[PDB]
Amino acid sequence: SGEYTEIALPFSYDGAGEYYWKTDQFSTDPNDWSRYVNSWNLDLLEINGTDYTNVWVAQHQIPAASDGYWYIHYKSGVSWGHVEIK
């Protein structure tokens with residue numbers, strides 16, 4: 001449980017802390033491999049209930065929640081936590 005802040009894509013962030021971001025802008029096209037989520041140096045990156053910590057994954061591989069959103073929960077313990085969402 002976290003209070004989510006809405007974000008726009010493309011998105012990038014590099015930093016420490018624990019954040020709850022939501023968007024309705026992910027790619028839903030199975031043909032697309034340009035619009036990815038990528039991260040490293042994270043303790044957690046979970047999106048809609050699935051662990052995507054420290055991986056490259058195409059957005060189309062991640063279904064929307066029933067409400068049409070993608071709920072992204074980020075945790076980094078270091079300065080250099082990294083996430084990119086195209």
Side-chain angles (χ1 to χ4, degrees):
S1 182
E3 183 169 7
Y4 282 77
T5 295
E6 193 155 3
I7 63 165
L9 304 185
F11 180 86
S12 58
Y13 180 78
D14 295 87
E18 176 169 32
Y19 307 105
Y20 298 90
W21 302 306
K22 69 179 180 177
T23 183
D24 66 3
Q25 299 183 12
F26 273 38
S27 176
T28 54
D29 173 14
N31 297 314
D32 172 78
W33 293 93
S34 82
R35 295 196 56 218
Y36 57 79
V37 177
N38 199 40
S39 62
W40 57 71
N41 270 143
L42 304 186
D43 294 325
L44 182 64
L45 192 71
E46 57 182 358
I47 308 175
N48 291 350
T50 299
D51 187 336
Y52 299 105
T53 307
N54 306 325
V55 304
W56 191 107
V57 58
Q59 286 168 30
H60 74 245
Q61 299 179 252
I62 308 176
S66 179
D67 67 3
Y69 278 73
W70 288 265
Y71 291 87
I72 304 143
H73 174 207
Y74 173 110
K75 297 179 71 178
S76 180
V78 297
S79 160
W80 305 124
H82 171 80
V83 64
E84 185 171 35
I85 310 180
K86 298 294 223 189

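Reckoned from all heavy atoms, side chains included, excluding hydrogens, waters and symmetry mates. For this chain, numbers begin at 1 and follow the sequence in order.
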For the student: nearest non-hydrogen atoms of [X] and [Y], plus distance:
| X | Y | answer |
| --- | --- | --- |
| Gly81 | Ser76 | CA-OG, 3.4 Å |
| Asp43 | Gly77 | OD2-N, 3.4 Å |
| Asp29 | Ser27 | N-OG, 3.4 Å |

Do any N or O atoms from the side chain of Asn54 and from the backbone of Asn41 form a donor-acceptor pair under 3.5 angstrom?
-> yes

Does any N or O in the side chain of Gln25 come within less than 3.5 Å of the main-chain N or O of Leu9, such that one atom is a donor and the other an acceptor?
-> yes

ring-ring contact (aromatic ring centres under 6.0 Å, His included) filter on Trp21, not counting sequence neighbours, yields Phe11, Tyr13, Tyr19, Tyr74

[X] side chain near [Y] side chain, heavy-atom distance below 4.5 Å:
| X | Y | result |
| --- | --- | --- |
| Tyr71 | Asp67 | yes |
| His73 | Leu44 | yes |
| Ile62 | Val57 | yes |
| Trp56 | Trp33 | yes |

Distance (rounded to the nearest 0.5 Å) between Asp32 CG and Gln61 CD = 10.5 Å

dist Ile47:CD1 -> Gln59:CD (nearest 0.5 Å) comes out at 8.0 Å

Answer yes if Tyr52 and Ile7 sit in the same cluster of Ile, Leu, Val, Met, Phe, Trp and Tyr residues linked by side chain heavy atoms under 4.5 Å apart, and no otherwise.
-> yes

Are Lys22 and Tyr4 in a cation-pi contact, defined as NZ or CZ under 6.0 Å from the six-membered ring centre and within 45° of the axis?
-> no

Please report the C-alpha distance between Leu45 and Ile72 in whole Å, then the side-chain angles of each, then the deciding distance to 0.1 Å, and finally whether the side-chain contact (heavy atoms from CB on, under 4.5 Å) criterion is met.
-> CA-CA 7 Å; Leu45 192 71; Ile72 304 143; 3.7 Å; yes

May I have all residue pairs that pass side chain to side chain donor-acceptor pair (under 3.5 Å) and include part of residues 77-86, sequence neighbours excluded?
-> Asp14-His82, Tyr36-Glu84, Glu84-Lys86

